[PDB]
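J.: I would like to see how this sequence folds:
(4 chains, ligands or ions: 7)
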Amino acid sequence: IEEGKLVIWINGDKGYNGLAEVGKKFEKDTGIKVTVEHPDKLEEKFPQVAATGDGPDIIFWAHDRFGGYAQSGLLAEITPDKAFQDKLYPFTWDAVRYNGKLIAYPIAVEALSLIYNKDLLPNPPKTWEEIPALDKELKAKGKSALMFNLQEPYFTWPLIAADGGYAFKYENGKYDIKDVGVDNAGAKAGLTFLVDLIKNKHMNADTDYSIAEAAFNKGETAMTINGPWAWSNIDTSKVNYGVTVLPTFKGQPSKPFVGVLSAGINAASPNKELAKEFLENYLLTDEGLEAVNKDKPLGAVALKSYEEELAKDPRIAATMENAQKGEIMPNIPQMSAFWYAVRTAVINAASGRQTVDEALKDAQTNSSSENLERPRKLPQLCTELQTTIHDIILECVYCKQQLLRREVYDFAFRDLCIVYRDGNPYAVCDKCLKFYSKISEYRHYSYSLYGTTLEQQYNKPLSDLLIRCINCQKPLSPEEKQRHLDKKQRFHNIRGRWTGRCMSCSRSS
Amino acid sequence: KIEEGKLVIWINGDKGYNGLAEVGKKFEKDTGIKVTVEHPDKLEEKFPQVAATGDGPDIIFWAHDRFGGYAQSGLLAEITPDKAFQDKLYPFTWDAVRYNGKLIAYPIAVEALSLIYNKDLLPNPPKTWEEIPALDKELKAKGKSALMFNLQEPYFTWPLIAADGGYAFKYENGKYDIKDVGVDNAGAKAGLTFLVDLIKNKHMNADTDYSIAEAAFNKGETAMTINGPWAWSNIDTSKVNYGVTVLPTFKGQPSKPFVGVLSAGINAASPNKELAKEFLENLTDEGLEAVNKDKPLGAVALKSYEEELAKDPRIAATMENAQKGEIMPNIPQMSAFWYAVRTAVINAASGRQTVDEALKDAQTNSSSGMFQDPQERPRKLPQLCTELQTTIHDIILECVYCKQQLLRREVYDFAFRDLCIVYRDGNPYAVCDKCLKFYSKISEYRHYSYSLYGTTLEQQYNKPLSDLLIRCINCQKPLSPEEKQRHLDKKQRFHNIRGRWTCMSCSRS
Amino acid sequence: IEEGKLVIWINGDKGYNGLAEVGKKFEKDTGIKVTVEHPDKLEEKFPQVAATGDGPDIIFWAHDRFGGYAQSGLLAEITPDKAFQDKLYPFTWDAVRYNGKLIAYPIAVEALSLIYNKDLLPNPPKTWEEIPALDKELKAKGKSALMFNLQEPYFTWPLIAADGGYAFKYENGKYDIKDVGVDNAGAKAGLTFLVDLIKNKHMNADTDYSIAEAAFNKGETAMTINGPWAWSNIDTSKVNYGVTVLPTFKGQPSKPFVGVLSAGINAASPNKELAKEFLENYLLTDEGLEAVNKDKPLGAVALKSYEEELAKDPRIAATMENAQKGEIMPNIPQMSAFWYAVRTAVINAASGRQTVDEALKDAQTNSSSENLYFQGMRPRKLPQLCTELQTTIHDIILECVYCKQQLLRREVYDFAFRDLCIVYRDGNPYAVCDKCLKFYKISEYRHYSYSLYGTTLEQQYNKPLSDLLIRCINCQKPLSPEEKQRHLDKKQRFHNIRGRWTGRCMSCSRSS
Amino acid sequence: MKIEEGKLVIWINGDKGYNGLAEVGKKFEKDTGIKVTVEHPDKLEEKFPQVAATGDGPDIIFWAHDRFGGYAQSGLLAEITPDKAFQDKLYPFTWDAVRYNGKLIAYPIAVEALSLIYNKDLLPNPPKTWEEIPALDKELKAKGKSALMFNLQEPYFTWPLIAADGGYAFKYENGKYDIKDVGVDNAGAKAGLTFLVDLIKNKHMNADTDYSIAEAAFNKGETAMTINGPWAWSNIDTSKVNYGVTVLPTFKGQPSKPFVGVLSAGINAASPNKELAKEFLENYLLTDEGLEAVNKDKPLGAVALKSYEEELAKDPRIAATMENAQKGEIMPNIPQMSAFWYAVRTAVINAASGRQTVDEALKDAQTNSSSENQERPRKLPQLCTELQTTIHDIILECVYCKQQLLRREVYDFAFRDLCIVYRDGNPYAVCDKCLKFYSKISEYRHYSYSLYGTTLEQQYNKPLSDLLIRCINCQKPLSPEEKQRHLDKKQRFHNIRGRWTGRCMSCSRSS
Ligand SMILES: [Zn+2]
Ligand SMILES: [Zn+2]
Ligand SMILES: [Zn+2]
Ligand SMILES: [Zn+2]
Ligand SMILES: [Zn+2]
Ligand SMILES: [Zn+2]
Ligand SMILES: [Zn+2]
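T.: Residues are numbered from 1 along each chain as shown, chains lettered A, B, ... in the order given. Ligands and ions are numbered 1, 2, ... in the order given. This is the structure:
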């Protein structure tokens, strides 16, 4: 950490050059030189450096990750002047509050909106269902209907959560319920529609913000979904871009996850009070906000000056209209796991292998809890506790009864993994082990592999390798082997039993 | 394997096995085949393990909740009687023995719990559970206990649990949702808390079982007991005026026992499948009455129950409690429910206590690292490589979270950390480095605690607490010996950190 | 009643033409012609005519009012043999079972379901709370979101029973004596949502069955709540009608009352055996039920020939799903008064005099057993009681209702001079004694409170409010003409206390 | 102006110590100048509402808290405004009893609860159950004594047996009583009354016994048990009977639940000297010296004053009175409690007398305790004159559908002279459409008029033989012996459709 020098980290899509302009003011007025940086994977880099203590004095990101930073104790509580707090909008202050207190300054409000090329299409579509027909017409014109980032779930979530997509629910002060709104039938229908667009060649699964932004600038795509920050890039090469309400899906308006752009001061900051004064009386000024808006538009702001200055703009007004229909993203620490699961679900479903139901099912199990410097084996635990395994005291996880000395011995000989529940090591007793072992799933493990991966593993003629039918036990004909590859049906191996389905067994009759 | 020309019947010891044997002696003279009826200990646990071998009984007698799990395992044979025999037996009794749209057992009789009271010791039965604590103190002066019933088995303790709640596995309509189990419900906690408070106030003892409770009531030592119809024969043999009435209400709510249907099942591996089927099919007034004489079978399911058995007031009282209660499900998951509730009731009665914790662990161990590697599923990667006959250098693995194919280095890393393999949907899975790093950073609740009681620490290190030295949790001050005595009196478990087992200043907030 | 011809009554929404064609089969095969007539208010007509002995041989109606008919003796017991009992579904026989004896022949199961036009609205709303927003969007297009019959409580009940609204308690308990759940919070919330839909111009209170049916068929309204009987008329119009589950209210699924079409026999029917054969062996056949379903769909029917035959139809599965969420309607005699009370409350709640809490409050008191003995002639006064019993009042023996003590001769006389009306308990005439009369007279002294609106007050006294004298109850000072007009503008009533009209002055108008 | 000024008039029940209260008042007169007068009026619970309406009556009324709430609704009782120090001097739960509509209405005095008084010499071991008493009476009757004698003419003494197995009364739920949930018809109340009437049928008790007969019997040694409160202990102390206080006997394995009553004092709203009456109650009566004076004449029981109660709690009689109270429940202060007592008293008196069964008497008492049937006009011309309107112009609304009656409907209502309906305190009528529906569902229409045979002969001045009677089922003219069978079996004949009917011997049992 460096004192007398201010280090600011901001996302690349936001205007880092504009923030450098308001920083030069602090360098001449107070004599404190300030550096504005745009690190890649800013949401991932900050927790790693914050644990060591090093990192940026100020960090700019959405408030959802800030709540997890506060639970991690990696950020410092901000202190308003009370009267200065009254100037900013209350709902932005409410979003930067996690379990009380205040974590970050409410800089701006950001929401997704549909951007359409007026020259390519004067009348924007108001429903998702009519978009597939538009792509058929535009591909003949050398254009694409819709191109937007599929790598990040932020852009794809409104379609998923339009019909349902709870993703935790508020219940009179209860939010982070075990129930996750990713397996609801509405979320399945939304992702199925998105996957169907890629399968019907209306969209490409390998599309990121760089490919989609350039296509709209080049005029290749007619529609795209992005936030306020892209407006400046489209302005450089104006394609008659317009901002409209996100399309309705299944009679339901798309619900975007609104994000409050926030600035947080690092907990181990030498210029903590110095950076607090700079954000309070330099960046928050209308002069400072317009400079960052010049490089990349910030959209909706919490400042009272913005309420009359920039709220009149139709693009900003349409962004707020989409925001009111949507719901602000929660600041709970479990949000990072929710983003990772949905990101994994959207990408996997688009590529293949995992169906929409399969990807969302795994997302629910990953988001609710994790199986997971905790000793995995018994000998490691004995050394840290400084007790021999002959003298160690263990308790079964199921019955919470002390293990017998023979039961403790058998656990180490079998080289079993220690199970942790409620932050306490636990083992298994012989009685509970036998009952739960005979529950089911006995020798049920199946090594299912695609034929393409099987060809890479062994090479050689696949026909010479015999894969007898699961029921017929018939040596698979070369045509039956080819059918699995054509229909994308994974071959199954149970112990030493590589098995496939014959044509008669494949179809029910 | 299982012999032919004879029928092997298994029934519990509490049931009247002599009466069933007499029916078989009649079948021996009429059909020419002697049949042997046995009363094995833990027969509900012994039947599944022997049935897979082929050894075991031709007919098994138990409640329908365990039979549904046997049907999914296939250790059960279908029943051929159609509408002619279906109409003779009561319709609702056939509904309980139907699993997956196919009948799985013969509905012999219906059983339900009830309250038995000594009319001479207690002329008028109590109407609510809360009267019993005050009644015990009055009866204690006379030298007699108020109530004694089996606490080792959860079937007897359930009616108090589900009185104000206790949804158990049963949920939804026409189906049961395994995710929602009503064992952590507040009504279930209030019922079990009364039972624990009954034991804490010395009105009941936790070590009491079926034999201890039945002896005291028949010998006149206890005024009330909770038992089914089977105990009436032994109580009638003893010279005690006894009556059967509705179970007491809890918190103004009806006590709900799990209604059970005594059923007859045919082992799938039965050479005499049709022979044993005809013996059960041709369930008659003469056959069921003989078993009822030895030990009452409750309300059977045929004409005999409609006429002679219905006249008994005790049978109607058993049916009255059955109406207040709910019929127990036939789902295979019921075995884990009974095991989890049994362990919860015993630990809450004495030891772990914490009815909230005991029911919480029961919820986790009933709703949804340790298994044998030779059979079942391989524990670690080397065993999986050997069974699949593929070297670790050529094996293909998929991450459980992202399903992306593991890199060869990641496959090597998994084997060296000796990480235990995770199986989802009966398929081997590993973890990729990206998911392993992300999921390890989240959910930080300290590495471990290893909380242990002070009495166990004296046994672990031989030295008493006077010789032992402990440090303060946050002030880092050596604990006074008087502070150690507070922990034992307050039942507080010390915690071990860095091999240092860890004052009054921080003891109270 | 004519002996030979069989008289059958069925409602107009049902298929009367299909029922007549099965009767034409009875006329050709067996030589007995039956006549089916569709009568208006057939639910009310049959109890009237059956007491006189007249009426139809077979009556077709839901099983709710059949229990009250059987208690009155209008219906007759039916025995169809066990083989026919096995042919029909068992739960259908349970609906026609009153006091063990079967009172009618179950025909079909009917339940309400949401009908929506896919062209006007491709995806139906999942929740009731979404309907207000859909109407505003559809209003700009010139269409209305939802229109259904508000005059009959059958269509309004699903919203009432979502968060509560239980007509009677559990089936074993049934009537738990004044356990009617029409004043509960769930019933109050459902009615308040319906009133809010009308007050926010989404729906109209004057809407009836014919108005709502025409709007959906002409494409004017997008959604309507109707049963299977209306499908034929909707199918006649070229409309992409879809049957789906009713929307959710307060996170709770709508609970439609499930009905079963049943056929009962009049007690004074000569051709009892002829009626049984026509119902058992002609109407309740695959061909007989098909004829009635062709004219008007019957929904899920009781015969097991129905299985797979109509169950494959997607509309039928949606009707059963709405039926399984709802509860089967009771067969107790008190159901007739319950339907009248909810109808009165819903009609009152949709219009004025609609505190919603008040409309459901009076419905709770009307559903429970009570009467003020305003009947004509059961004698109402003492002289009429003496005349019917052929005794003089000087010698008549009477008993007090509260204490059951025999009335003194002076107490009997005082009862007649005061012209006190007789009170009937357990069907026995009773009066009152002086001690009980004095005690219960001094129990409540709140006095009469005659509350009238300003417009009705002006009509009654044939004078303007300004010329009429009204005093503020607390101020005891004459009200200003502007103050009296404030009551009219605020729709607040004037009260007559102790023969003096009262109101709230401007100083007392605000909270003080 | 009807009430006197410069003096304080106090009304207290005769069972309480009126003379001891006067001694405290003489101190008030000596210290100041009031000349207070205490009176023990007969039926003061009924007299106070009658006298308070005209403005007259006592300056202070002494009675239990149950009827004081009904006086507050009638406006006869003034509000109580004590300082927080005085409220701390009295016990908290006693203040909660006098709280009606969230405001205090009277000054708590003492707590009262029924107990069992047993002659220790005659009955060394007090019975613990009610079922023991029938066998014990037969033993004492051989000894020339009676087991139990207690007042049966007042429901306060008979209720503890009634509430043991049931006795819902008005029921308690969310801290507010529910008038609709009246529970005197439950099987628990039926069991207690059945045991009570069986004690009278088996000649263990007499149905005509009252307070004076039971008190004199225990004082003279003729009976060995009585159920009475703390006020009677003084007169038993004058008698040589050793006597003692123990818990009430159990019934059906349940403790007898008495109604707890808190003696209280309220000031009439139409009374001067409100501060003078407040001064006497707060600074003279409710003192350690003042409460002792009333206790000497007749024991008040556990007093609300914290200083004196802990001193008199040494008396095992007071602790036994409190033990019975904790098993029971306190009396509701709602005005409907007065109707509850009248219904139970009527049923208990009827059942013990022989008229009506226990099941019949408890049924009518349940309906009497809930809804009810100068002041209200009755008949339309009375309402028209009070409202100064002709019927041609009167506007009336139907009770069921709340719709304004047409003139046609309004004329018909008065031609038929239909007695008016009143709902929610507002005059109402009935419209024709609602009238047809609710008149159709008669549910009975029998109009039975059941009368006994002896009364039938007196009514028509004709013997039963010369009066044709048909059996209800067989429709056979009754034989003269069959008519006597009804009289011997005490079965009343019924006049259905103008025809007297009486069951024949053959139809009495199953055919
Ligand atoms: Zn264990
Ligand atoms: Zn095959
Ligand atoms: Zn991974
Ligand atoms: Zn410390
Ligand atoms: Zn009377
Ligand atoms: Zn009306
Ligand atoms: Zn007869």
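
J.: what parts of the stretch 51-200 of chain A come near chain B?
T.: residue A:72 (CB under 8 Å from any CB of the partner chain). The C-beta positions use only the backbone N, C-alpha and C, and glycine is treated the same way.

J.: all helices for the stretch 51-200 of chain A, in order.
T.: Using DSSP state H, counting those that start in this stretch, the helices of the stretch 51-200 of chain A run over A:63-71, A:83-87, A:90-95, A:131-140, A:153-161, A:185-199.

J.: got the ones you listed as a markdown table, with distance to ligand 6 and mean neighbour count columns?
T.: Output for the helices of the stretch 51-200 of chain A, formatted as a markdown table (distance: least, CB to the ion, whole Å; neighbours: other CB atoms under 10 Å in any protein chain shown):
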| stretch | distance to ligand 6 | mean neighbour count |
| --- | --- | --- |
| helix A:63-71 | 60 | 24 |
| helix A:83-87 | 59 | 11 |
| helix A:90-95 | 52 | 17 |
| helix A:131-140 | 58 | 15 |
| helix A:153-161 | 51 | 24 |
| helix A:185-199 | 48 | 20 |
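
J.: taking the stretch 351-500 of chain A, what residue is nearest to ligand 2?
T.: Per CB to the ion, the residue of the stretch 351-500 of chain A with the smallest distance to ligand 2 is residue A:472, at 3.2 Å.

J.: would that residue count as being in a helix?
T.: No. Going by DSSP: H, G, I helix; E, B strand; the rest coil, the assignment for residue A:472 is coil, not a helix.

J.: quick one, phi/psi of whichever residue of the stretch 1-150 of chain A sits closest to ligand 4?
T.: Relative to ligand 4, the nearest point of the stretch 1-150 of chain A is residue A:73 (21.1 Å; CB to the ion). Per-residue torsions, residue A:73: phi 70, psi 30 (degrees, to the nearest 10).

J.: for the helix or strand that contains residue A:231, buried residues please.
T.: Assigned by DSSP states H and E, residue A:231 belongs to helix A:231-236. Under the neighbour-count criterion of 16 or more other CB atoms under 10 Å in any protein chain shown, helix A:231-236 has A:231, A:233-234 buried.

J.: quick check, central residue of chain A?
T.: Centroid-nearest residue in chain A, with CA atoms, centre = their mean: residue A:339, separated by 2.3 Å.

J.: wait, it touches residue A:157, no?
T.: No. Taking contacts as CB atoms under 8 Å, residue A:339 lies outside contact range of residue A:157: 9.2 Å.

J.: could you look up the SS state of the residue nearest to the centre of chain A?
T.: Here residue A:339 is recorded as helix under three-state DSSP.

J.: OK, contacts around it?
T.: For residue A:339, the contacting residues are A:64, A:153-154, by CB atoms under 8 Å, 6 or more residues apart in numbering or on different chains.

J.: how near is it to ligand 6?
T.: Residue A:339 is 63 Å from ligand 6, where distance means CB to the ion, to the nearest Å.

J.: who's in contact with residue A:187?
T.: By CB under 8 Å, 6+ apart, the neighbours of residue A:187 are A:160-161, A:163-165, A:181, A:360.

J.: still on that earlier bit, wait, the residue of the stretch 351-500 of chain A closest to ligand 2 touches residue A:505, no?
T.: Yes. With contact defined as CB under 8 Å, residue A:472 reaches residue A:505; the gap is 6.4 Å.

J.: how close does the residue lying closest to residue A:79 once chain neighbours are set aside sit to residue B:425?
T.: Excluding the flanking residues, the one nearest residue A:79 by CB to CB, 6 or more residues apart in numbering or on different chains is residue A:276, at 7.0 Å. For residue A:276, the distance to residue B:425 equals 52 Å [CB to CB, to the nearest Å].

J.: next: residue A:183.
T.: 15 Å.

J.: cool, and residue A:419?
T.: From residue A:419 to residue B:425 the distance is 20 Å (CB to CB).

J.: and those two? Which one has more around it.
T.: Taking neighbours as other CB atoms under 10 Å in any protein chain shown, residue A:419 and residue B:425 compare with residue A:419 leading, 16 against 12.

J.: wait, the residue nearest to residue A:79 touches residue A:263, no?
T.: No. If you go by CB under 8 Å, residue A:276 and residue A:263 don't touch, sitting 10.0 Å apart.
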